[PDB]
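Engineer: Sharing protein_14.txt below, compact mmCIF, C-alpha atoms (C1' of nucleotides):
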```txt
# COMPACT_ATOMS: atom_id res chain seq x y z
CA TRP A 278 28.53 32.31 -60.28
CA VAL A 279 24.97 33.37 -59.43
CA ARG A 280 21.35 32.56 -60.26
CA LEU A 281 18.65 35.03 -61.30
CA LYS A 282 15.56 35.43 -59.11
CA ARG A 283 12.69 36.59 -61.36
CA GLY A 284 11.43 36.49 -64.92
CA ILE A 285 11.47 33.37 -67.05
CA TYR A 286 15.17 32.82 -66.23
CA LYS A 287 14.60 31.78 -62.60
CA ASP A 288 16.95 29.36 -60.81
CA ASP A 289 19.50 28.78 -63.59
CA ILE A 290 23.27 29.20 -63.59
CA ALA A 291 24.62 32.62 -64.59
CA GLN A 292 28.35 33.32 -64.78
CA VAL A 293 29.43 36.71 -63.44
CA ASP A 294 31.40 38.04 -66.41
CA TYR A 295 31.99 41.68 -65.42
CA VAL A 296 31.37 43.27 -62.02
CA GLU A 297 30.20 46.86 -62.39
CA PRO A 298 31.53 49.16 -59.62
CA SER A 299 28.23 51.08 -59.77
CA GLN A 300 26.69 48.53 -57.34
CA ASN A 301 23.34 48.45 -59.16
CA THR A 302 23.71 45.79 -61.89
CA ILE A 303 26.41 43.29 -62.88
CA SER A 304 27.24 41.50 -66.12
CA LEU A 305 26.02 37.91 -66.41
CA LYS A 306 26.52 35.28 -69.10
CA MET A 307 23.51 32.98 -69.29
CA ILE A 308 21.95 30.35 -71.56
CA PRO A 309 18.85 31.74 -73.34
CA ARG A 310 15.61 29.93 -72.54
CA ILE A 311 13.93 31.24 -75.69
CA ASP A 312 11.82 29.79 -78.49
CA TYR A 313 13.44 31.95 -81.23
CA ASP A 314 10.12 33.68 -82.00
CA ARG A 315 8.49 30.56 -83.46
CA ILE A 316 5.99 29.29 -80.86
CA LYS A 317 5.11 32.38 -78.84
CA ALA A 318 2.94 34.91 -80.67
CA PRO A 335 11.87 25.50 -72.67
CA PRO A 336 15.08 23.46 -72.34
CA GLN A 337 18.39 25.30 -72.04
CA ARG A 338 19.92 25.15 -75.53
CA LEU A 339 22.82 26.88 -77.25
CA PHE A 340 21.87 30.22 -78.79
CA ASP A 341 21.53 30.26 -82.58
CA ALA A 342 22.37 33.57 -84.24
CA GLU A 343 21.48 32.45 -87.77
CA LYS A 344 18.09 31.08 -86.70
CA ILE A 345 17.21 34.31 -84.86
CA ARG A 346 18.26 36.29 -87.95
CA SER A 347 16.15 34.05 -90.20
CA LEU A 348 12.99 34.13 -88.07
CA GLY A 349 13.08 37.93 -87.96
CA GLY A 350 11.22 40.28 -85.67
CA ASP A 351 12.95 42.56 -83.16
CA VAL A 352 16.64 41.95 -83.92
CA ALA A 353 19.72 44.17 -84.07
CA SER A 354 22.83 42.52 -85.50
CA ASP A 355 26.47 43.36 -84.69
CA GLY A 356 28.22 40.25 -85.98
CA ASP A 357 28.59 38.11 -82.88
CA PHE A 358 26.49 40.63 -80.95
CA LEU A 359 22.70 40.53 -81.01
CA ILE A 360 20.00 42.66 -79.39
CA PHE A 361 16.76 40.71 -79.49
CA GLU A 362 13.28 40.36 -77.94
CA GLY A 363 13.24 41.57 -74.35
CA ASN A 364 16.12 43.94 -75.14
CA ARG A 365 18.35 40.90 -74.61
CA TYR A 366 22.08 41.36 -75.28
CA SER A 367 23.87 38.23 -76.48
CA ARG A 368 27.33 37.54 -77.88
CA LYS A 369 28.68 34.44 -79.65
CA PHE A 371 25.33 33.27 -75.13
CA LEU A 372 23.48 36.05 -73.30
CA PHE A 373 25.66 38.81 -71.79
CA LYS A 374 23.38 41.22 -69.91
CA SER A 375 23.17 43.36 -66.78
CA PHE A 376 21.12 42.12 -63.82
CA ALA A 377 20.64 43.60 -60.36
CA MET A 378 22.64 42.31 -57.41
CA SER A 379 19.45 41.89 -55.37
CA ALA A 380 17.81 40.17 -58.37
CA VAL A 381 20.45 37.41 -58.18
CA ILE A 382 21.95 35.24 -55.45
CA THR A 383 25.69 35.95 -55.21
CA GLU A 384 26.38 33.55 -52.31
CA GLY A 385 25.72 29.82 -52.30
CA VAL A 386 25.94 28.33 -55.80
CA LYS A 387 28.99 26.01 -55.74
CA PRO A 388 28.73 24.57 -59.27
CA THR A 389 29.64 21.13 -60.58
CA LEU A 390 31.79 20.13 -63.56
CA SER A 391 28.91 20.07 -66.06
CA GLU A 392 28.15 23.77 -65.56
CA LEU A 393 31.88 24.52 -65.69
CA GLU A 394 31.90 22.85 -69.11
CA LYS A 395 28.84 24.94 -70.00
CA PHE A 396 30.57 28.10 -68.72
CA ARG A 416 36.85 13.96 -49.22
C1' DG B 1 -19.39 -83.72 70.27
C1' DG B 2 -21.41 -81.55 74.64
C1' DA B 3 -22.66 -84.03 78.40
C1' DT B 4 -22.00 -87.95 82.12
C1' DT B 5 -19.53 -90.79 84.85
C1' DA B 6 -15.10 -91.95 86.61
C1' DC B 7 -10.50 -90.51 87.75
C1' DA B 8 -6.24 -87.91 88.61
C1' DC B 9 -3.86 -83.80 90.33
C1' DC B 10 -2.18 -79.67 91.92
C1' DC B 11 -2.26 -75.15 94.01
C1' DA B 12 -4.22 -71.65 96.47
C1' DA B 13 -7.35 -71.15 101.16
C1' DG B 14 -5.85 -71.08 105.77
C1' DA B 15 -2.65 -70.44 109.48
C1' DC B 16 2.20 -68.63 110.90
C1' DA B 17 6.51 -65.90 110.05
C1' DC B 18 10.61 -62.63 107.84
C1' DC B 19 10.95 -57.88 106.64
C1' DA B 20 10.60 -54.47 103.80
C1' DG B 21 8.21 -51.26 99.99
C1' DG B 22 4.74 -47.89 99.93
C1' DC B 23 1.74 -44.08 102.83
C1' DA B 24 1.32 -40.08 106.32
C1' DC B 25 3.73 -36.24 106.64
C1' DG B 26 7.26 -32.67 105.59
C1' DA B 27 10.65 -29.97 102.21
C1' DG B 28 13.41 -28.12 97.67
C1' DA B 29 11.85 -26.90 93.57
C1' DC B 30 10.24 -25.89 88.55
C1' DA B 31 5.97 -25.70 85.31
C1' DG B 32 2.57 -22.49 85.34
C1' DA B 33 0.13 -18.04 85.73
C1' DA B 34 -0.83 -12.49 86.49
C1' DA B 35 0.95 -8.93 84.30
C1' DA B 36 3.60 -6.04 81.16
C1' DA B 37 5.50 -4.96 75.84
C1' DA B 38 4.56 -5.90 71.50
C1' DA B 39 3.43 -7.80 67.21
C1' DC B 40 -0.50 -9.26 63.63
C1' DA B 41 -4.15 -11.61 60.61
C1' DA B 42 -8.45 -12.26 58.99
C1' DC B 43 -12.46 -8.73 59.59
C1' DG B 44 -13.67 -4.77 57.05
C1' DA B 45 -13.57 1.08 54.97
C1' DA B 46 -11.96 2.44 50.01
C1' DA B 47 -9.99 2.20 45.14
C1' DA B 48 -7.15 2.79 39.56
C1' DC B 49 -5.26 0.34 35.52
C1' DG B 50 -6.65 -3.54 31.74
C1' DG B 51 -11.05 -3.69 29.42
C1' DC B 52 -15.11 -2.31 26.30
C1' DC B 53 -16.77 1.16 23.17
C1' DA B 54 -18.02 4.98 20.54
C1' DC B 55 -16.96 9.62 17.33
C1' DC B 56 -14.53 11.14 13.07
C1' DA B 57 -12.20 10.57 9.82
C1' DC B 58 -10.24 7.44 5.93
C1' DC B 59 -10.79 4.33 2.12
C1' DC B 60 -11.29 1.56 -1.43
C1' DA B 61 -15.14 -0.14 -4.17
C1' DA B 62 -18.72 -0.82 -6.65
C1' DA B 63 -23.95 1.21 -8.40
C1' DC B 64 -25.96 4.06 -11.24
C1' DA B 65 -26.60 7.50 -14.25
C1' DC B 66 -25.43 10.62 -17.73
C1' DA B 67 -23.51 11.52 -21.90
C1' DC B 68 -20.35 10.45 -25.85
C1' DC B 69 -19.74 7.33 -29.71
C1' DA B 70 -18.69 4.74 -33.69
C1' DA B 71 -20.67 1.52 -36.88
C1' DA B 72 -24.75 -0.55 -39.50
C1' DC B 73 -28.61 -0.02 -42.70
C1' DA B 74 -31.03 -5.77 -50.09
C1' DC B 75 -29.63 -7.47 -54.72
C1' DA B 76 -28.52 -6.76 -59.50
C1' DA B 77 -29.26 -3.66 -64.28
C1' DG B 78 -29.88 0.37 -67.98
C1' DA B 79 -29.59 5.28 -69.37
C1' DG B 80 -28.63 10.63 -69.34
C1' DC B 81 -26.32 14.81 -67.45
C1' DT B 82 -22.73 17.88 -65.28
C1' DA B 83 -17.95 18.88 -63.91
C1' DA B 84 -13.51 17.62 -63.36
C1' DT B 85 -10.08 25.35 -61.26
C1' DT B 86 -10.50 30.66 -61.65
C1' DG B 87 -9.34 35.11 -59.87
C1' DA B 88 -5.24 37.54 -60.17
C1' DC B 89 -0.20 39.03 -59.34
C1' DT B 90 3.46 40.28 -61.13
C1' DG B 91 7.65 40.83 -63.96
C1' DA B 92 8.08 42.29 -69.16
```
Let me see whether you can do it: turn the structure in this file into C-alpha cells.
Structural biologist:
Amino acid sequence: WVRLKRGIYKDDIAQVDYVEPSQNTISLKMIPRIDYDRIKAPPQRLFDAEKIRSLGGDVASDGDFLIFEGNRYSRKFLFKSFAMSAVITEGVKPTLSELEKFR
DNA sequence: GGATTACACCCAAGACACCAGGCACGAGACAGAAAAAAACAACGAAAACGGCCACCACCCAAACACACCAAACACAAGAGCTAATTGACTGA
C-alpha cells in the first residue's frame, strides 16, 4: 500500500494492484476524489459509473471499465499507473478501515 | 615636814702586828706585720636585639556620573470611509 505525492490525489491510500517490472510506473487502485463533472466547469466516495455516463463529457465505456476526465482508468474504483517516485512505497501501515475499503 | 634640840650608838682613825699578794725584773711564746702570689668589684671604654615606622601594594566600599529605560499622558458622543491578501508555481 502506498500514497500518491502530487496532483489532487495527495496523501490518500492507494493499493498496489500490479507491480510493473519496467520500474517506471506501477498499478494502483484508488478512490476517485472527483465531482463527476457537475461542479467544476471533495470527500472520498465510491465511484459511480452510471452517474458519469449520465453527466457526459469525456468518457469511454468498456462495461466495468471507464476512461474519463484526466485520462483516468477505472474499473468496477480507479486502476491507473503512477510513478514509483511519485508515491511512497515504504511507511503506510494501514488500519482495518482502509482494509475494508481495499501488544 | 625640814629644822632644832636632845639622845643613842657604832665603827673607822690611830697605833701595833702577821704575812702574803702584787711589782721590778727576766723568759717562753703567739698575734701581728713585711712581703710575696693571687684574685676581683665597682670604676669606666664600647655595643646589638626588641622597638618604632615608613613604602607598596591590596582591598573592599561607597560617590558620582553617564547612559539606558519603561511607563504615563481627560471624559463622553455622533458620523463617514477604507480594507480586511496577491503574485505565482506547478501539476494537468
Engineer: Which neighbours of residue 285 in chain A fall inside 9 Å, counting only C-alpha atoms (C1' of nucleotides), when residues of the same chain fewer than 2 positions from it are skipped, and could you give them as a list in words?
Structural biologist: residues 283, 287 and 310 of chain A; 91 of chain B
Engineer: So that each row is one residue of chain A with an atom at most 12 Å from chain B, can you give its shortest atom pair and the distance in Å to one decimal, using all atoms listed in the file, rows by chain and rising number, as JSON lines?
Structural biologist:
```
{"residue": "A:282", "atom": "CA", "partner": "B:91", "partner_atom": "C1'", "distance": 10.7}
{"residue": "A:283", "atom": "CA", "partner": "B:91", "partner_atom": "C1'", "distance": 7.1}
{"residue": "A:284", "atom": "CA", "partner": "B:91", "partner_atom": "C1'", "distance": 5.8}
{"residue": "A:285", "atom": "CA", "partner": "B:91", "partner_atom": "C1'", "distance": 8.9}
{"residue": "A:286", "atom": "CA", "partner": "B:91", "partner_atom": "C1'", "distance": 11.2}
{"residue": "A:287", "atom": "CA", "partner": "B:91", "partner_atom": "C1'", "distance": 11.5}
{"residue": "A:362", "atom": "CA", "partner": "B:92", "partner_atom": "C1'", "distance": 10.4}
{"residue": "A:363", "atom": "CA", "partner": "B:92", "partner_atom": "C1'", "distance": 7.4}
{"residue": "A:364", "atom": "CA", "partner": "B:92", "partner_atom": "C1'", "distance": 10.2}
{"residue": "A:365", "atom": "CA", "partner": "B:92", "partner_atom": "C1'", "distance": 11.7}
{"residue": "A:380", "atom": "CA", "partner": "B:91", "partner_atom": "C1'", "distance": 11.6}
```
Engineer: Write out as a PyMOL selection string which residues come within 12 Å of residue 351 in chain A when counting all atoms listed in the file, dropping same-chain ones fewer than 3 positions away.
Structural biologist: chain A and resi 313-314+345-348+354+359-365
Engineer: Of the residues A:356, A:318, A:343, A:279, which is the one nearest to residue 294 in chain A, using all atoms listed in the file?
Structural biologist: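 Distance minimum relative to residue 294 in chain A lands on A:279.
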Engineer: Just how far from CA of residue 339 in chain A is CA of residue 352 in chain A, in Å to one decimal?
Structural biologist: 17.6 Å
Engineer: Counting all atoms listed in the file, which of A:353, A:305, A:293, A:390 gets nearest to residue 374 in chain A?
Structural biologist: A:305
Engineer: Could you tell me how far CA of residue 288 in chain A lies from CA of residue 344 in chain A, in Å and to one decimal?
Structural biologist: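 These atoms are spaced 26.0 Å apart.
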